[PDB]
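Here the structure is laid out as structure tokens; the discussion comes afterwards.
In listed order, ligands and their atoms are each counted from 1. We count residues from 1, following the sequence as given. Below, each value reflects all heavy atoms present in this structure, side chains not excepted, and no hydrogens, waters or symmetry copies.
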Amino acid sequence: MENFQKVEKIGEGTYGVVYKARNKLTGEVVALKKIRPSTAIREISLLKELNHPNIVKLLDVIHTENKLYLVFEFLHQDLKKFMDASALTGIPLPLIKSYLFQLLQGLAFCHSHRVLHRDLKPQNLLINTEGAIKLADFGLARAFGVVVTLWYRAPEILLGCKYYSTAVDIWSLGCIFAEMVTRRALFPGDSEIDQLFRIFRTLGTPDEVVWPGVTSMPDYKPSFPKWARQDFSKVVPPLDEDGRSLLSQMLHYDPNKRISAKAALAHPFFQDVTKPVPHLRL
Ligand SMILES: Nc1nc(Nc2ccccc2)sc1C(=O)c1cccc(C(F)(F)F)c1
């Protein structure tokens with residue numbers, strides 16, 4: 001490339017290939033994302049203004065030769081790989097707590113600036129050797145607008161609601177919190193209906209009592225099986241009551257009842273939060 005030198009492919013992103021690259025002029029190592037619309041350019045460019053310790057910095061938006069690339073700060077490893085690497089022993093609770101606290105700070109910051117992620121998953125949560133965790137790709141979904149992982153999708157999205165709210169990110173984070181704890185995905189659906197029914201089998205089929213307006217959602221069907229809610233103590237067993245109470249508030253069916261990132265930061269679960277050093281194999 002004219003302005004960069006590719007080091008290697010990191011993986012397949014939602015919008016195109018993501019490469020580890022080196023800036024020709026500065027020598028800095030970055031995550032270069034090729035995007036496979038003028039409104040998009042202006043919108044994404046606004047995201048360069050976001051700066052928070054728990055948000056992966058969008059360094060630049062490059063539009064040349066009629067191709068679009070996004071330049072992001074490069075982090076050491078993603079949470080998916082770290083969880084896989086920590087499968088035999090599990091991520092220590094203090095580190096799970098630290099990561100959840102930091103992720104909520106990142107969401108609180110973005111949400112306060114009216115920016116949603118909409119597709120949070122372990123793959124876009126990045127960590128470093130110092131104990132920090134950061135979220136990448138906030139705001140891209142709104143700007144770009146559409147195998148895909150459905151495991152972290154909020155129910156309102158699965159039911160076809162075309163209006164998103166900050167609550168979709170809290171749902172995804174709750175799913176990730178559960179996965180760090182149990183070392184297994186909470187709702188590993190293989191299709192949209194399987195994803196929805198896995199949520200229903202665990203949290204109970206929603207109704208107008210727990211979620212006013214659910215029966216009028218676009219893809220809701222009166223024929224959905226009616227499953228009873230499972231005892232929450234069976235869903236993420238290890239986790240103590242503070243952790244379980246917080247998780248339950250992040251997984252409420254009605255997005256309006258779901259706890260905000262700001263309110264979650266004040267939950268008793270974080271009374272003893274610390275910032276441990278992770279054991280990272282790079
Ligand atoms: N900034 C940034 N640093 C990264 N370092 C890294 C280095 C080694 C292993 C894993 C991640 S990855 C990354 C992403 O922003 C990102 C987000 C979603 C998906 C992907 C991909 F999977 F590669 F398509 C990448």
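Ligand 1 has no N or O atom lying under 3.5 Å from any N or O atom of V18, backbone or side chain. Considering backbone and side-chain atoms alike, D78 places every N or O at 3.5 Å or more from each N or O of ligand 1.
Between the side chains of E241 and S245, no donor-acceptor pair of N or O atoms lies under 3.5 Å.
For atom 6 (C) of ligand 1, the closest non-hydrogen atom of the protein is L75 O, 3.3 Å. With hydrogens left out, the protein atom closest to atom 14 (C) of ligand 1 is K33 NZ, 3.4 Å, a heavy atom.
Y19 pairs by the side-chain hydrogen bond (donor to acceptor under 3.5 Å, both in side chains) definition with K6, not counting sequence neighbours.
Heavy atoms of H76 approach ligand 1 to within less than 4.0 angstrom. Residue contacts with ligand 1 leave out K9, since none of its heavy atoms falls under 4.0 Å from the ligand.
Taking the ring centroids of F269 and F177, they lie under the 6.0 Å cut-off.
Listed by first then second residue, pairs satisfying side-chain hydrogen bond (donor to acceptor under 3.5 Å, both in side chains) with a partner in residues 188-207 read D194-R198, not counting sequence neighbours.
Using a 30° and 60° split on the angle between ring planes, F109 and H113 fall in the tilted class, from 30° to 60°.
Contacts of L126 with ligand 1, taken as heavy-atom pairs under 4.0 Å, involve the side chain alone.
For atom 2 (C) of ligand 1, the nearest non-hydrogen atom from the set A31, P122, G11 belongs to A31.
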